[PDB]
Each structure stands twice: as C-alpha cells, then as structure tokens.
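Chains as they are written, first to last, in the numbering used here: chain A, 11 to 407; chain B, 11 to 407; chain C, 11 to 407.
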Ligand SMILES: COc1ccc([C@@H]2C(C#N)=C(N)OC3=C2C(=O)C[C@@H](c2cccc4ccccc24)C3)cc1
Ligand SMILES: COc1ccc([C@@H]2C(C#N)=C(N)OC3=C2C(=O)C[C@@H](c2cccc4ccccc24)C3)cc1
Ligand SMILES: COc1ccc([C@@H]2C(C#N)=C(N)OC3=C2C(=O)C[C@@H](c2cccc4ccccc24)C3)cc1
Ligand SMILES: N[C@H](C(=O)O)[C@H](OCc1cccc(NC(=O)c2ccc(C(F)(F)F)cc2)c1)C(=O)O
Ligand SMILES: N[C@H](C(=O)O)[C@H](OCc1cccc(NC(=O)c2ccc(C(F)(F)F)cc2)c1)C(=O)O
Ligand SMILES: N[C@H](C(=O)O)[C@H](OCc1cccc(NC(=O)c2ccc(C(F)(F)F)cc2)c1)C(=O)O
C-alpha cells in the first residue's frame with residue numbers, strides 16, 4: 011500500500027506540481043499579504059500567471075474552429091442531430107438540476123431587451139475576421155473579445171457543408187484535422203508552464219459575517235451538484251466509476267481553480283479527455299467547445315443563490331428560468347460572471363443596485379464555479395460517448 | 011394556359027415567397043405607420059431584416075477572395091486579359107449609356123484630392139488581415155468596413171501568381187475552390203431566411219411636390235436603361251431572350267429591392283446565375299465580384315439626375331465624366347450612395363450644401379438603383395460568357 | 011574593359027534604375043526645396059513612395075509566417091537547434107562588435123519595467139488574428155501595428171509542431187510552401203515599382219555645427235562595421251569574396267536606403283538572396299525573418315553614439331549592455347529607432363529630455379542604419395549556410 015508511492019511520483023509528476031503550486035500559491039500570497047497591495051505592484055507579481063492566460067487564450071481560437079469543423083464533417087446528417095440531441099438534453103438538465111438544488115440550499119439554510127438582441131446579433135456575425143477578436147455590444151457597437159458564439163455557429167454550418175460535399179470538401183477537413191492536432195501539440199508544450207502560472211494566478215489574487223454564510227451556501231451547493239449529483243448521473247449512464255474518470259481530468263480542474271475561465275482551460279480539458287480518460291476525439295471536438303460556452307452548471311447554482319441572498323434585504327419560477335438562461339448567456343464584454351446579474355434580477359423585480367455586496371467574495375467562488383462548468387462537459391462527454399455507441403461504430407470502415 | 015399554375019407554385023415556391031414578402035412588407039409597414047416611429051422601436055421591428063444582412067455580409071468576404079483566386083488561376087495569361095478586356099469594355103459602356111440617358115431625361119422633362127489618394131491607398135492595402143474589416147479614410151486613418159477594393163486587387167494578383175506556378179500552386183487553388191463551394195452551400199441555407207428578412211427590411215424602412223417629379227425622373231430613367239436598353243444589349247450579343255434570363259435572377263433582384271446593397275445580394279446573385287441561368291462558374295467568379303463593386307449603372311443614372319436637379323435652385327462634359335467616375339467609386343465609409351455626392355458637384359461648381367433635399371427620398375430610389383447595379387453584371391455575365399467561346403473551350407481537356 | 015558595358019546595362023537594368031532613382035531623388039527633392047514645405051503638399055509629393063511601403067508591408071505578414079513555418083518543419087529536432095545556435099552566436103556577436111566600435115569612435119573623436127513586461131506580453135500573444143495587426147502597449151492597451159515578435163514565436167513552435175507529426179502535418183507545410191512561393195512571385199511584381207517609389211521616398215523626405223560632427227561619427231562608424239568589419243567576418247567563415255556577395259543584394263540595400271525599414275525591405279532581401287546570391291531557401295526562411303527583427307547592428311552603433319553624444323551636455327558597461335539590448339527591442343508603436351531612446355538613458359542615468367536635439371538629423375542616419383541591419387542578416391545567411399554543411403546535406407534523399 012505505502013510501497014507503490016514512487017511509481018505515482020514519477021507518473022503524475024506534473025499533476026503533483028500543479029497541486030503543489032496551489033499549495034505554494036496560498037503560501038506566497040499570504041506571505042506577501044501584509045505588504046502594500048498597490049495596483050502596479052500586484053499586476054507585476056501576478057505577471058507569470060498573466061503570461062499563462064495569454065498562451066491559453068491564443069490556443070482556443072484555432073481549437074474551437076478546427077474542432078467543430080472536423081467534428082461535424084466526420085458525422086452523418088442524422089448522426090450529427092442525434093449526438094447533438096443527446097448533448098442538448100444533457101446540457102439543459104444539468105443546468106436545471108444545479109438551479110433546483112441551488113434554489114433549495116438558499117431557501118433551506120439562508121436594457122434587458124437589448125441583451126436578447128445582441129446575443130442574436132452575435133449568433134450570426136456580420137464579419138468572420140472581426141468575430142475572431144470582436145463581439146457585439148450595443149451603445150462603437152463592437153467590443154473587444156472574440157465572439158465565440160458566432161464562431162461556434164459558423165464552424166458548425168461550415169463543417170457540416172464540407173460533410174455534405176465529401177470528396178471535394180475532404181481537403182479542407184484534412185487541413186482542419188492537422189491544425190486541430192498541431193494546437194494539441196502546442197497545448198502539451200504550454201502544459202509545463204501551468205504550475206509556475208497557477209501559483210502566481212492564485213498568489214496574486216488573494217492579495218485583494220453576512221457574506222460569510224452566503225459563501226458556504228454556494229460552495230457546499232456546488233459540492234452536492236458536482237461531487238455527489240454529477241457522478242451519480244455518470245453511474246446511471248455508463249455504470250463505471252466516475253471518481254477515477256474525474257481523477258484523469260484533474261490537471262484541467264486544478265487549472266480551472268486558477269484560471270477561473272472554462273475557455274482558458276478548454277485546451278487542457280481537451281488534452282485531459284483525449285489523453286488521460288481516452289475519450290473518442292469524434293465527440294470531444296463536438297461536445298467540449300459547445301459545453302464550455304453553454305453548459306455552465308457552476309454558474310446556474312451561483313446565479314440562483316445570489317438572487318435569493320439579496321432578497322434578505324427586502325414566484326421562484328421567474329428566478330429558476332432566468333438563472334438557467336444566464337448559463338447559456340455569453341453576450342457583450344467577457345467577465346467573471348457578474349455581466350449577467352442585471353438581467354436575472356430585472357425580469358423578477360429584485361433590486362439591481364445590491365450587486366456591490368457579493369463582488370468582494372465572487373472571485374474565490376468563481377474558481378469553484380468554473381470547476382463545475384468544466385466537470386459538467388467533461389462527465390457529459392463520457393455520457394454522450396456511451397449514448398452514441400451505434401453512431402461511432404458505423405463511422406469505422 | 012390556366013391549368014399549369016400549380017406546376018409553378020411548387021417549382022418557384024421561394025420566388026413567390028420573397029414576392030409575397032415584398033407585398034406583406036408594404037402591408038405591415040403601412041399598418042404600423044400611424045404608431046410612433048421611435049428610434050429604438052423602429053430598429054427592434056427592423057431586426058429580422060437586420061439579421062439577414064449580417065448572414066449576407068459574412069458570406070461576401072470568403073466569397074470574393076475564393077472567387078477571384080480560382081477565377082484567375084483557371085484562366086491562361088492571355089485568356090485572363092481577354093475576358094477582362096471584354097468585361098471592362100462592357101463595364102465602361104454600360105456606365106456611359108446610363109449617364110447619357112440619365113442626362114437626357116433630366117434635361118428634357120425637368121477634400122476632393124484626398125478622395126483620389128484614399129482610393130489609391132485602398133487599392134494597395136498596407137495589411138491584408140486589416141483589409142478584411144478596415145478601409146482607409148484620411149482624418150484614426152482606418153475606418154470600419156471591409157476594404158473590398160484592396161481584396162479584389164490582391165485576390166487577382168495572388169490567384170494569377172498561383173496560375174503561373176501550376177502544379178506547386180494547385181493545392182491552394184483546390185483549397186479555394188472547395189471554400190467557394192462551401193459558402194455556395196451556406197448561401198442556399200441563408201436563402202430560406204430571405205422572405206422573413208426582405209419583409210421586415212422594407213416594412214421597417216417605410217416607417218421613416220418638387221422632389222415628387224425628381225423621384226419619377228430617376229425611376230423611369232432606370233426602367234429605360236434597365237428593362238429596355240440593357241435587354242437590347244443582351245439580344246445584340248447572344249440573340250437569346252433576356253426577359254427569360256432576368257426571370258432566372260429574380261430572387262437576386264427582389265432581394266436587391268430589399269437589401270439595397272449589391273454586396274449583400276452578390277452571394278444570392280452568384281447562386282441565381284450558377285444555378286438558375288446556368289452560367290459557367292469560370293466567368294461568374296471572374297465577372298460578378300468585380301461587377302458588383304465597379305459596374306454601377308443604377309448609380310451613374312442617379313448621380314447624373316441629382317446633379318442637374320439641384321441646378322434648378324441656381325458644360326455637361328464635367329458632370330457626365332464625374333457621374334461615370336462615381337460608379338467605380340468605393341472609398342471611405344460604406345453608405346447608400348450619398349458618400350460620393352460632394353465629389354460629383356465640386357469638380358463642376360454646383361452648391362454642395364443642397365444635398366439635404368434628396369436624402370428624404372433617396373432610400374426608396376436606392377432599392378431600384380441597386381436592381382440596375384445587379385442587372386448590369388448579371389446580364390454582363392451572359393454577354394462576356396458568349397464573347398469568350400474560344401477561351402472556355404480551350405480550358406477543357 | 012570599357013567594351014563589356016552594354017552587357018551590364020541590359021542584365022542589371024533595374025539595379026541601375028533604383029540607383030538612378032537615388033540620383034534623381036536628390037535632384038527633384040532639392041529642386042522643390044525652395045518652395046513651401048506645407049504638411050499636405052509634402053505628403054502628396056511623397057505619395058508614390060508611400061504607395062510602395064503599403065505594397066511592401068502587406069507582403070511581410072504572409073512572408074514571415076510561411077517562412078518560419080516551413081523553415082522549422084524542413085529541419086530536424088537537433089538541426090533546428092544547431093542552425094539556431096549558429097545564428098544566435100552570430101546575432102549577439104555582430105550586435106556586440108557594432109556597440110564596441112560604436113563606443114570607441116564617439117569616445118576617441120567626440121516606465122522602464124513596463125517595457126520589459128510589454129515585450130514578454132508580446133512574445134506570447136493573447137490572440138493570433140489580433141497579432142496580425144496589433145501589438146501590446148500598456149496605458150486601450152493594444153496599439154496598431156502587427157506584433158512581429160508574437161508571430162515569429164508562434165510561427166516557430168507551430169512549424170516545429172508540424173515537423174514533429176510528419177505525414178499528418180505535411181499538408182499544412184505543403185500549403186505554407188506554396189504560399190511562401192506565391193508572395194515571392196508578388197515581390198517580383200512590386201520590384202518594378204521600387205524605382206518610382208525610392209525616388210519620391212527620398213525626394214519627399216529631404217524637404218524636411220554640434221550635430222554636424224555627430225552625424226559623421228555614426229556614418230563613418232557604420233562604414234567601419236559594415237563595409238570593413240562585416241566582410242572580414244564573411245572571409246573568416248566562407249573564405250569567399252564578400253564584395254561580390256554584397257553586390258548581389260544591392261537592390262535590397264538601395265531600397266533600405268529609401269524605405270528605412272528592414273521589414274519593408276525583407277521581401278526584396280528575400281529575393282536578393284534566394285535569386286541573386288543563390289542562398290539555400292531552407293536557411294533564408296529561417297535566418298532572414300528573425301534577423302530583420304532582432305539582428306540590428308546599425309541600431310547598436312547609433313544607440314551607443316547618441317547616448318555618449320548627449321553626455322557632452324553633462325561606467326560604459328551600463329551603456330554597452332543597454333544598446334545591445336535595444337537592438338533586440340521591438341515593443342509598443344513601430345517607429346524610426348527613437349522609441350527605445352528613453353530605456354537606454356534611464357538605466358545608466360543620462361538626461362532623457364535631451365532627445366529633441368538628434369531627431370532633426372536622425373532621418374538621414376536611419377537610411378544608413380537600416381543598410382547595416384539588412385547587411386547583418388544578409389552576410390549572416392551565407393555564414394550560417396556555410397556553417398550548416400552537414401545539416402543541409404542530410405536533408406536531401
Ligand atoms: C447553443 O448552441 C448549440 C450548439 C451546438 C449544439 C449541438 C452540439 C453540442 N454540444 C454540437 N457539437 O453539434 C451540434 C449540436 C446540435 O444540436 C445541432 C447539430 C446539427 C445537426 C445537423 C445539422 C446541423 C447543421 C448545422 C449546424 C448544426 C447541425 C450539431 C447545441 C447547442
Ligand atoms: C477596377 O478593377 C478591375 C478589376 C478587374 C478587372 C477585370 C476583371 C473583371 N470584371 C476580372 N475578373 O479579372 C481581370 C480583369 C482585368 O481587366 C485584368 C485581368 C488580368 C489579366 C492578366 C494578368 C493579371 C494579373 C493580375 C491581375 C489581373 C490580371 C483580370 C477590371 C477592373
Ligand atoms: C529572439 O527570437 C529568436 C527566434 C529564433 C531564433 C533562432 C532562429 C534564427 N535566426 C530561427 N530561425 O529558428 C530557431 C532559432 C532558435 O534558436 C530556436 C530554434 C528551435 C529549435 C528546436 C526547437 C524549437 C521549437 C520551437 C521554436 C524554436 C525551436 C529555431 C533565435 C532567437
Ligand atoms: N468562470 C465561468 C466560466 O468562464 O465558465 C463564468 O465566467 C463568466 C462567463 C460568462 C459568460 C460566458 C463566458 N464564456 C467563457 O468564458 C468562454 C467559455 C468557453 C469558450 C470556448 F472557446 F468555447 F472555449 C469561450 C468563452 C464566461 C462564470 O463565472 O459564470
Ligand atoms: N446601392 C448601391 C450598391 O450597393 O450597389 C450603391 O450603394 C452605395 C455604394 C457606393 C460605393 C460602393 C459601394 N459598394 C458596395 O456596396 C459593394 C458592392 C460589392 C461588394 C462585393 F464584395 F464585391 F460583393 C462589396 C461592396 C456601395 C448606391 O446606392 O449607389
Ligand atoms: N530602421 C531600423 C529597422 O527598421 O531595421 C530601425 O527601425 C526602428 C525599429 C525599432 C525596433 C523594431 C523595428 N522593427 C522593424 O522595423 C521590423 C523588422 C522586421 C520585421 C519582419 F517582419 F520580420 F520582417 C518586422 C518589423 C524597427 C532603427 O532605425 O533602429
């Protein structure tokens with residue numbers, strides 16, 4: 011039992027390094043906490059964690075495009091719809107269970123139109139080159155930050171258009187498969203930088219009562235949905251140990267607990283499922299890019315608790331529907347999850363000005379929130395893969 | 011005669027739908043006209059027509075690039091110059107007849123240097139990625155809106171550079187031919203959205219004497235050049251019925267009567283000539299992208315009438331040359347045709363401040379103006395195709 | 011001797027034309043010098059030289075990307091490191107000899123932290139499409155002008171990732187080799203415009219004591235390092251006549267003496283080495299893109315003289331290290347070499363406000379400064395090619 015320890019210290023050496031970086035990140039951060047938290051000084055200390063995010067976000071653009079293009083071309087007309095329906099039924103339910111449990115824990119223990127239009131404006135981009143670095147935000151009208159929604163949508167219909175012309179449109183698919191493979195080699199390179207980054211990402215961010223109880227409500231709620239409810243969903247589908255599957259994607263969850271972005275961690279998550287858990291590439295390039303942008307189970311729970319927590323200052327159907335709708339939401343400027351807090355409160359009738367209270371604790375919750383967002387699509391991949399046994403068998407020979 | 015009606019209701023079902031959308035567009039627009047024409051309210055009603063333009067303009071960038079690249083590579087050194095000379099002699103004459111007839115109807119019934127330099131600055135782009143979403147406008151110096159001129163020029167010399175290296179540069183040509191085909195599948199998809207868009211595009215834009223007579227001068231002038239002069243040019247070249255050819259490209263003219271942009275309609279025009287009229291792809295990818303940006307017969311007529319109409323408030327050679335030069339013009343910010351009205355009046359000596367009069371009626375004229383711009387290159391394609399009998403025969407085997 | 015003159019007037023006809031353009035450029039410039047040097051008037055006269063720079067800079071982006079991608083894929087794991095180590099040992103020494111000689115001639119005859127971070131932020135781009143037209147400059151935070159550093163770095167690791175997957179990643183390499191060849195055909199086209207441009211580039215820029223002696227210090231210093239020291243380095247490696255090699259790349263040096271940018275001239279330099287001097291493409295696509303951005307021997311000499319020249323108004327180790335570090339420097343906004351003058355003086359302790367003195371003469375020195383920057387990598391190519399005899403032999407069959 012205590013003899014086979016060295017065989018684990020050599021195998022998962024980097025997995026121990028990113029864990030030790032989480033340990034040392036708490037160490038160095040609290041060590042430099044008594045010193046002044048000057049804006050420049052903080053941003054200079056949080057620079058090796060900043061460099062990591064630049065390498066990580068540069069890799070997502072040629073990843074999501076090449077993923078969905080080959081992902082839909084390598085699937086039949088009915089096979090693409092089937093795999094999709096299996097994923098959507100999973101996405102909607104996992105964002106509906108997290109909101110239900112999220113509403114229970116808080117009730118037991120404790121322009122809006124222009125947003126709909128901008129999302130629709132972003133689903134159909136006016137320019138593709140622009141979409142690769144610009145999103146639409148009304149009131150000039152194009153804000154900085156890649157329009158992932160417009161790219162995901164275009165990549166799907168373009169990829170499916172290739173999968174409908176076959177022989178002619180094989181060249182482009184063979185181009186996008188080599189490009190997806192090249193960025194999957196680049197992710198193995200940037201993988202080694204992760205410990206040095208995850209350290210300064212959480213070391214630099216810790217140098218920044220009534221909220222005390224709220225913090226535990228969400229944290230425990232996320233543990234019940236993520237480490238209790240979600241593994242039971244996997245066992246109800248595959249009948250395989252999920253706590254061994256989750257172990258394989260640890261390097262992606264540990265980084266999610268640092269980066270706080272399912273986007274920044276999607277290339278590592280892609281490697282953790284294609285290499286460690288050995289999931290079929292045909293479904294990773296399909297489920298993972300969509301899942302990271304739409305399936306946000308960690309967000310659904312946090313949006314529900316925050317809406318009822320501010321009600322203490324002062325019709326659950328108007329809150330449960332909006333919090334599930336906020337999870338699919340990715341409009342305007344890219345943020346930490348506070349970008350959609352105005353929309354979730356206006357539709358019900360709660361005070362919008364009560365947001366400044368939760369922002370002080372939000373940053374530590376964001377790290378746990380992202381872990382569930384990644385765990386949602388990660389476990390979801392196995393569930394969709396197991397449910398698409400016929401579709402994946404027919405593709406070979 | 012009245013028995014073969016159902017065989018037309020099933021065949022050209024979408025062509026009847028876009029016509030009925032033009033009918034219902036007049037219906038719903040005038041129905042909601044008594045109500046307040048509030049800025050937000052109008053822009054929200056004109057949203058399903060707005061979404062259409064986003065899908066349409068996203069498709070032009072990978073269309074014009076792939077069109078001209080394969081279009082010049084699939085043609086010999088002399089064959090490219092020949093086909094080109096046939097198109098230029100046609101372009102210059104169709105913009106010279108429309109100005110002559112345009113000058114007759116109005117005379118019978120009724121910095122400028124920095125603009126030349128910006129056009130030249132835009133012919134040779136400083137950066138290609140920039141050119142895909144930015145144009146040059148002096149006084150920071152790069153305005154939003156794709157530099158079509160710089161793309162058309164580069165696409166030609168890049169495509170011809172591939173057509174000069176052959177075997178080596180075949181791979182890229184085979185890539186750009188699959189990409190042109192993929193966006194031609196995407197246009198068939200967006201084709202079905204057109205009725206729902208063309209409805210709200212003209213329904214939302216109708217909720218917005220001396221000019222009364224001017225409006226008819228241009229409208230009748232356009233009918234004489236477009237539906238009388240232009241079909242006679244086609245009959246003088248092909249000796250085939252043009253009123254059957256124009257019927258094939260109806261779905262592109264009906265949309266031009268809505269979108270008001272030969273750019274937005276170029277992907278539909280590409281489908282209407284490659285699928286309905288059965289024109290050779292080798293000349294569509296050649297003539298159509300250039301024709302939509304340079305051959306503007308509807309503009310030449312409107313620029314001539316507007317210049318002499320403002321003279322009523324108060325040397326035809328100084329007006330006839332500038333109005334033909336305004337048609338080739340595509341500099342600065344993309345507009346509705348009023349962007350070049352300062353240039354056409356300064357060179358002759360007419361009052362520039364008299365522009366605010368015609369802008370109120372310009373929007374309805376723009377819809378008819380574009381129809382002639384599309385009809386110019388559409389009929390032009392057949393004429394060039396028929397004139398390049400030897401060049402297209404030698405290319406096979 | 012005087013009989014074989016016509017055989018040179020027909021062969022190097024364009025090389026005589028660009029030389030005659032340098033002659034006529036001095037002629038027309040001084041002819042129009044008595045007239046008013048109005049801002050607009052100057053910019054309109056310097057327009058045919060302006061058009062040249064637009065064609066030249068549009069060609070660098072698809073050149074450097076395709077160059078380094080095929081350049082590292084067509085080399086073995088150790089072969090890439092070897093060729094690289096040979097180039098780096100050459101780069102660092104040529105920037106160390108130019109600073110040493112630069113420090114001798116001037117001493118015989120006569121936030122800074124935010125700059126380090128921005129360079130590191132630019133080495134790892136956050137977005138690739140952005141990197142193709144945007145650089146990082148702190149205090150919104152992304153300035154206009156292609157991030158060459160981030161492109162050079164990415165192009166290397168992406169190209170090497172293809173060279174590690176072989177057969178799979180051969181398609182993309184065969185794509186990038188056809189694209190590098192296409193822009194090498196486009197450079198032969200733009201080559202003919204060079205005389206008409208180089209004329210108005212130096213004709214328009216000449217219409218714009220204590221500094222008199224400083225001007226000669228640098229000019230003579232550059233001649234000693236470039237036309238005396240550098241050819242001796244080539245003879246110490248190849249044992250071949252360098253004054254015949256330099257003659258082949260004349261059309262690239264003559265243009266450098268006009269454009270004043272090693273970027274703008276890199277496509278011509280690429281043609282002058284691949285066509286005239288007959289250097290192996292395998293090392294041109296390797297050494298040249300890097301060399302133009304990092305190896306700046308003309309800058310190292312000018313940075314050293316300017317730092318000690320301003321000391322006349324008032325520890326050489328603090329000046330010699332910074333001037334060598336300024337040569338590798340390419341951060342923020344693209345300039346004429348004055349962008350790094352604040353950094354080189356703050357680290358030592360010299361007055362930063364004394365910059366406004368040398369800017370009046372800097373423009374004529376810049377033209378000679380660039381010639382050494384181009385001559386550095388041009389001669390460097392031959393030296394690396396000769397030093398990589400084994401690596402280039404093993405690549406064939
Ligand atoms: C809110 O945004 C999304 C985007 C994608 C999806 C689904 C998904 C996932 N996960 C992936 N990878 O592919 C497809 C999906 C479909 O349901 C539709 C499916 C599909 C089937 C058949 C034809 C198609 C043509 C174009 C695009 C998708 C198509 C592909 C769901 C919601
Ligand atoms: C104002 O802007 C334009 C742009 C294009 C054109 C003509 C055209 C049309 N329509 C198309 N499709 O191709 C060519 C044209 C030529 O006349 C030139 C022709 C050509 C022949 C031979 C070599 C070439 C090399 C580079 C570019 C074009 C070349 C191609 C005319 C005016
Ligand atoms: C300041 O910026 C630079 C960038 C490049 C270089 C060198 C160079 C030149 N000149 C070129 N063409 O390629 C390589 C170089 C290496 O030293 C490293 C070399 C290399 C070898 C092995 C594996 C690599 C993997 C990724 C990138 C480069 C790699 C390639 C030096 C400094
Ligand atoms: N931390 C969460 C959280 O990034 O998944 C989430 O972050 C805020 C947020 C809100 C709405 C949309 C997003 N979108 C992304 O970060 C994103 C996710 C994935 C991609 C993709 F490219 F597909 F990989 C691109 C972008 C993020 C939250 O805190 O609620
Ligand atoms: N409605 C006309 C009218 O778009 O063709 C015309 O619109 C204004 C105008 C003026 C100058 C240039 C343009 N250019 C375009 O709209 C355009 C046309 C074609 C393309 C292309 F990409 F090649 F398809 C790109 C842009 C438009 C007019 O009203 O005179
Ligand atoms: N004239 C010099 C001088 O352009 O090489 C130099 O110009 C200023 C300067 C300073 C720092 C960086 C640069 N970089 C470039 O011009 C540049 C060089 C090469 C490329 C590349 F793309 F690789 F070809 C891109 C950009 C220029 C100087 O005067 O010191």
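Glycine is no exception: its CB is placed at the ideal position from the N, C-alpha and C atoms.
Is any heavy atom of ligand 6 found at a distance shorter than 7 Å from the C-beta of residue 299 of chain C? At least one heavy atom of ligand 6 is nearer than 7 Å to the Cβ of residue 299 of chain C, so yes.
Simplified DSSP assignment, three categories, for residue 54 of chain C: In the structure shown, residue 54 of chain C adopts helical secondary structure according to DSSP, grouped into three states.
Kindly examine ligand 2 and report whether one of its heavy atoms sits closer than 7 Å to the Cβ of residue 156 of chain A. Not under cutoff, so the answer is no.
Taking 7 Å as the cut-off, is the beta-carbon of residue 306 of chain B closer than that to any non-hydrogen atom of ligand 5? Yes, the beta carbon of residue 306 of chain B sits closer than 7 Å to at least one heavy atom of ligand 5.
Count the other CB atoms, across all protein chains shown, that sit within 10 Å of the CB of residue 11 of chain B; report buried if there are 16 or more and exposed otherwise. Under this definition residue 11 of chain B is an exposed residue.
Please report the Cβ distance between residue 281 of chain A and residue 194 of chain A, rounded to the nearest whole angstrom; I am assuming they are in contact, meaning their Cβ atoms lie under 8 Å. Confirmed, about 7 Å.
For residue 77 of chain B, list the residues DSSP reports as bridge partners. According to DSSP, residue 77 of chain B bridges with nothing at all.
Please list the segments of the alpha helix (DSSP H) lying wholly inside the region 312–375 of chain A, counting only runs of 4 or more residues, in order along the chain. Here the runs fully enclosed are 327–338, 351–356.
Is the beta carbon of residue 120 of chain C less than 8 Å from the beta carbon of residue 247 of chain C? No; because the gap between Cβ atoms is not below 8 Å, this pair is not in contact.
Report the residue ranges of all alpha helix (DSSP H) runs contained in full by the region 166–205 of chain C; include only those spanning at least 4 residues, in chain order. DSSP runs (the alpha helix (DSSP H)) wholly in the region 166–205 of chain C: 181–200.
Excluding the 5 residues flanking residue 106 of chain C on each side, which residues of the same chain have their C-beta closer than 7 Å to its C-beta? For residue 106 of chain C, the CB contacts under 7 Å within the same chain, skipping 5 residues up- and downstream, are 334 in chain order.
Cβ-heavy atom distance, residue 82 of chain A to ligand 1, below 7 Å: Indeed, a heavy atom of ligand 1 lies less than 7 Å from the Cβ.
In its own chain, which residues sit with a C-beta less than 6 Å from the C-beta of residue 272 of chain B, not counting the 5 before and 5 after it? Closer than 6 Å at Cβ, skipping near neighbours: 302, 380, 383, 384.
So residue 171 of chain A contacts chain B; which residues on that side make the cut at Cβ distance below 7 Å? Those within 7 Å of residue 171 of chain A in chain B are 192, 195, 196.
Residue 130 of chain C CB to nearest heavy atom of ligand 6 below 7 Å: Flag unset: Cβ of residue 130 of chain C not near ligand 6.
Give the straight-line distance between the Cα atoms of residue 314 of chain B and residue 341 of chain B, rounded to the nearest whole angstrom. In this model, residue 314 of chain B and residue 341 of chain B are separated by some 19 Å (Cα to Cα).
Distance cut-off 7 Å: residue 272 of chain A Cβ against heavy atoms of ligand 4: It does: the Cβ of residue 272 of chain A is within 7 Å (strictly closer) of some heavy atom of ligand 4.
I need the boundaries of the beta strand (DSSP E) containing residue 98 of chain B, first residue and last residue. It is not in any beta strand (DSSP E) - residue 98 of chain B instead sits in the alpha helix (DSSP H) that spans 87–118.
Go through the region 255–303 of chain C residue by residue and report every complete run of the beta strand (DSSP E) that reaches 3 residues or more, in order. Whole beta strand (DSSP E) segments, 3+ residues: zero.
Assigned exposure category for residue 306 of chain C - 16 Cβ within 10 Å defines buried: The residue in question, residue 306 of chain C, is buried, as its Cβ has 16 or more Cβ neighbours within 10 Å.
Threshold first: 4 residues or longer. Then list the alpha helix (DSSP H) segments lying entirely within the region 222–261 of chain A, N to C. Listed in chain order, they are 240–247, 252–258.
Spell out whether any CB of chain A is found under 8 Å from the CB atom of residue 179 of chain C. Any Cβ of chain A closer than 8 Å to the Cβ of residue 179 of chain C would place that residue at the interface, and such an atom is present.
Please look up how many angstroms separate the CB atoms of residue 190 of chain B and residue 77 of chain B, rounded, as I've assumed it's under 8 Å. In this structure residue 190 of chain B is in contact with residue 77 of chain B, their Cβ atoms being roughly 6 Å apart against a cut-off of 8 Å.
If we define contact as Cβ-Cβ less than 8 Å, is residue 187 of chain C a contact residue for chain A? No, its Cβ sits nowhere closer than 8 Å to a Cβ of chain A.
Does the Cβ of residue 146 of chain A have 16 or more other Cβ atoms within 10 Å, making it buried, or fewer, making it exposed? Buried, by the Cβ-count rule.
Test item: CB-CB of residue 168 of chain B and residue 142 of chain C under 8 Å: Against a cut-off of 8 Å, the Cβ pair of residue 142 of chain C and residue 168 of chain B comes out as no contact.
If you draw a straight line from the alpha carbon of residue 263 of chain A to that of residue 299 of chain A, how long is it in whole angstroms? Distance between residue 263 of chain A and residue 299 of chain A, taken at the CA atoms: about 16 Å.
Any contact between the region 372–379 of chain A and the region 223–231 of chain A? By contact I mean 3 or more CB pairs, one from each, below 8 Å. Counting Cβ pairs under 8 Å, three or more are found: they touch.
Tell me whether residue 144 of chain A is buried or exposed, calling it buried when 16 or more other Cβ atoms sit within 10 Å of its Cβ. That one is buried.
Please name the residue or residues paired with residue 153 of chain B in a DSSP beta bridge. Looking at the DSSP assignment, residue 153 of chain B forms a beta bridge with B:145.
Take residue 213 of chain A and list the residues in its own chain whose beta-carbon comes closer than 6 Å to its own, dropping the five residues that flank it on each side. Within the same chain, residue 213 of chain A has close Cβ partners 35, 38, 39.
So, for residue 109 of chain A: in the same chain, excluding its five sequence neighbours on each side, which residues have a beta-carbon less than 6 Å away from its beta-carbon? Only 310, 314, 330, 333, 334 meet the Cβ criterion.
Taking the Cβ atom as the reference point for each residue, do residue 182 of chain A and residue 172 of chain A lie within a distance shorter than 8 Å? Yes; because the gap between Cβ atoms is below 8 Å, this pair is in contact.
Can you have a look at residue 218 of chain B and say buried or exposed, based on whether 16 or more other CB atoms are within 10 angstroms of its CB? Burial is judged here by how many other beta carbons sit within 10 angstroms of a residue's own beta carbon; residue 218 of chain B has fewer than 16 and is exposed.
Could you say which of B:245, B:407, B:28 lies nearest to residue 209 of chain B if we only look at CA atoms? For residue 209 of chain B, the nearest C-alpha among the options comes from B:28.
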